Each structure stands twice: as C-alpha cells, then as structure tokens.
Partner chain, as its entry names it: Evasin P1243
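One chain is shown next in structure tokens, namely the form solved without its partner chain.
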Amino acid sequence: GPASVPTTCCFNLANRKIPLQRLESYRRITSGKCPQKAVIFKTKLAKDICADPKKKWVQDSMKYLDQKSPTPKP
C-alpha cells in the first residue's frame, strides 16, 4: 500500500484519483537523500498513498490542501 521494501521515497505513483472528502493530509518529498521526488496523500482511513505532481487530481489535491490549509509551522 504505502511502502514495499526500500524506505526512502515513493516509487509506485497512484493511478486512482483520491477524493477530497476522504483526504486528511499530504506530504511532499524532495530532499537530497532520495532517488526521486513526488507527493504522498493521506485519506481518512489511516492510510497513505503515493502521488506525482504531474497529475490532474494530484495537482488539484495538493492545491486543495495547500489552499484549504491555513499555514505551516510544525
């Protein structure tokens, strides 16, 4: 589901568009200790999924959370 074996960064991007009502949060990665860069979405089922920033639902999803979100800090 979320991981497979190498714990570093997402690899298997999500194909099934995730809904907003079920979305809880999201996490993006782009550090230097990773082979690739992408985003990760979290639904309201205590589960995380991989997502690339070149999708239509991921972009809207990220923009949605980024828009709905108030401001970062922690």
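Positions refer to the first chain, counted from 1.
Here the subject shifts to the form deposited with its partner chain bound, a form of this protein not shown in this document.
Chemist: Considering non-hydrogen atoms and a 4.5 Å limit, does its partner chain approach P19 in the deposited bound form?
Modeler: Output for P19 is yes: heavy atoms within 4.5 Å of its partner chain.
Chemist: Contact between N12 and its partner chain in the deposited bound form at 4.5 Å, heavy atoms?
Modeler: Within the cut-off, so yes.
Chemist: Counting only non-hydrogen atoms and a 4.5 angstroms cut-off, does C50 reach its partner chain in the deposited bound form?
Modeler: Close contact exists here: in the deposited bound form, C50 approaches its partner chain to within 4.5 Å, heavy atoms only.
Chemist: With the partner left out here, check for me: in the deposited bound form, does some heavy atom of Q67 sit within 4.5 Å of its partner chain?
Modeler: Output for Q67 is no: heavy atoms all beyond 4.5 Å of its partner chain.
Chemist: Could you list the residues in 23-42 that come within 4.5 Å of its partner chain in the deposited bound form, counting only heavy atoms and keeping sequence order?
Modeler: The stretch touches the partner through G32, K33, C34, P35, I40.
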